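Here, residue 1 is the first one in the sequence, and each next residue gets the next number. Atoms within each ligand, like the ligands themselves, are counted from 1 in listed order.
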Amino acid sequence: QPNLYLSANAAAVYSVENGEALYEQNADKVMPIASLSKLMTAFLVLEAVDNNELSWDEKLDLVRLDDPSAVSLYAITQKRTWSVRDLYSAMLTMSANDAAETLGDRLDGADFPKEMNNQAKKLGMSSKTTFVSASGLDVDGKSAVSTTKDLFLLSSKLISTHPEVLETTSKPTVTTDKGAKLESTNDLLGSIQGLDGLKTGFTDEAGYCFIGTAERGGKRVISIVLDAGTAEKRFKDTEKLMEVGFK
Ligand SMILES: *C(=O)[C@@H](NC(=O)/C(=N/OC)c1csc(N)n1)[C@@H]1N=C(C(=O)O)C(=C)CS1
């Protein structure tokens with residue numbers, strides 16, 4: 001294993017072909033993951049469409065967040081009603097917390113965190129992973145937590161089960177049918193060849209986090225960065241991890 005000098009406190013990169021570690025640092029350490037939880041919500045949304053339980057065209061009113069200063073789709077647009085499709089894009093591109101919570105409530109109401117943790121178990125994530133909400137926001141003072149190993153297993157399961165997730169996470173901007181522009185938080189899109197995902201997150205406690213995925217020559221790698229120092233440094237660590245991934 002090479003010696004990287006990452007900003008991140010915990011980090012890794014894995015090959016999807018065999019799941020094997022190409023670089024690992026604190027890969028078993030339980031870490032706050034915040035907005036990365038929205039990948040589980042996306043997965044459960046996609047499962048529900050395949051299972052004939054959710055329509056992409058259903059219109060839903062955004063649920064109201066307790067904190068106004070939270071990053072929310074409603075704050076930016078002043079529009080309450082959105083299709084399931086647009087809420088899912090809004091969740092994945094701009095990390096809209098109210099979008100994620102609206103999808104969680106529609107899927108299972110108050111039991112949605114249990115469904116998230118049920119699915120975590122199905123996908124092979126260890127018991128150190130705990131989801132608390134569809135958006136990744138704290139609930140009753142409890143935080144969503146995971147490990148870079150469990151995040152890898154979740155991400156590759158998401159991409160292998162629902163490859164169309166990347167059709168959304170590869171776009172620097174998603175334009176809805178009615179013309180709303182939803183800007184991705186993934187500034188590495190277009191900077192690294194093959195890069196088409198996956199999800200950013202940030203809290204004071206979690207630091208700056210990003211799950212990256214790229215594919216070249218039939219080889220896919222997934223990179224995990226938790227608790228980088230700045231929004232830019234999580235992408236610098238990811239650039240470093242991707243080079244190790246495609247060596
Ligand atoms: C996911 O992590 C989201 N993070 C939050 O909603 C925050 N939670 O703190 C309790 C938060 C605090 S401060 C701040 N700017 N967000 C989304 N993650 C980011 C990101 O990756 O930088 C977004 C740009 C919107 S919120």
Considering only protein heavy atoms, which is closest to [atom], and at what distance to one decimal place?
atom                    : value
atom 24 (C) of ligand 1 : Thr185 CG2, 4.0 Å
atom 8 (N) of ligand 1  : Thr203 CG2, 3.3 Å
atom 13 (S) of ligand 1 : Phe202 CE2, 3.5 Å

**Report entry** Salt bridge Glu58-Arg106, side-chain N to carboxylate O under 4.0 Å
**Finding:** yes
Query raised in the report: Quick one: do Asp57 and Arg85 make a salt bridge, cutoff under 4.0 Å?
Result: no
Query raised in the report: For ligand 1, which atoms, with element, lie under 4.0 Å from some heavy atom of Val71?
Result: 25 (C), 26 (S)
Report task. Any atoms of ligand 1 less than 4.0 Å from a non-hydrogen atom of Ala34? List them with their elements. Result -> 2 (O)
Is it the case that ligand 1 has an N or O less than 3.5 angstrom from some N or O of [X]?
X      : answer
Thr200 : yes
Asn97  : yes
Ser35  : yes

Report task. Group every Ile, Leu, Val, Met, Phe, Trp and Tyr by side-chain heavy-atom contacts under 4.5 Å, then state whether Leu198 and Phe210 land in the same group. Result -> no
Report task. Verify the cluster assignment for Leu44 and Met91: are they in a single hydrophobic cluster under the rule of side-chain heavy atoms below 4.5 Å apart? Result -> yes
Query raised in the report: Looking only at atom types and distance, does a side-chain atom of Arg234 sit under 3.5 Å from a main-chain N or O of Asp227, one as donor and one as acceptor?
Result: no
Hey, can you pull the donor-acceptor pairs under 3.5 Å for the side chains in residues 16-24, sequence neighbours left out?
from	atom 1	to	atom 2	distance (Å)
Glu17	OE1	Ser15	OG	2.6
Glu17	OE2	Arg220	N	2.9
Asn18	OD1	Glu20	N	3.4
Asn18	ND2	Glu20	OE1	3.3
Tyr23	OH	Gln25	OE1	3.2
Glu24	OE2	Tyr14	OH	2.6

Query raised in the report: Can you list the residues that meet the side-chain contact (heavy atoms from CB on, under 4.5 Å) rule with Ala120, with sequence neighbours excluded?
Result: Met40, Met125, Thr129, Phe131
Requested in this report: May I ask whether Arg234 has any heavy atom positioned less than 4.0 angstrom from an atom of ligand 1?
Outcome: yes
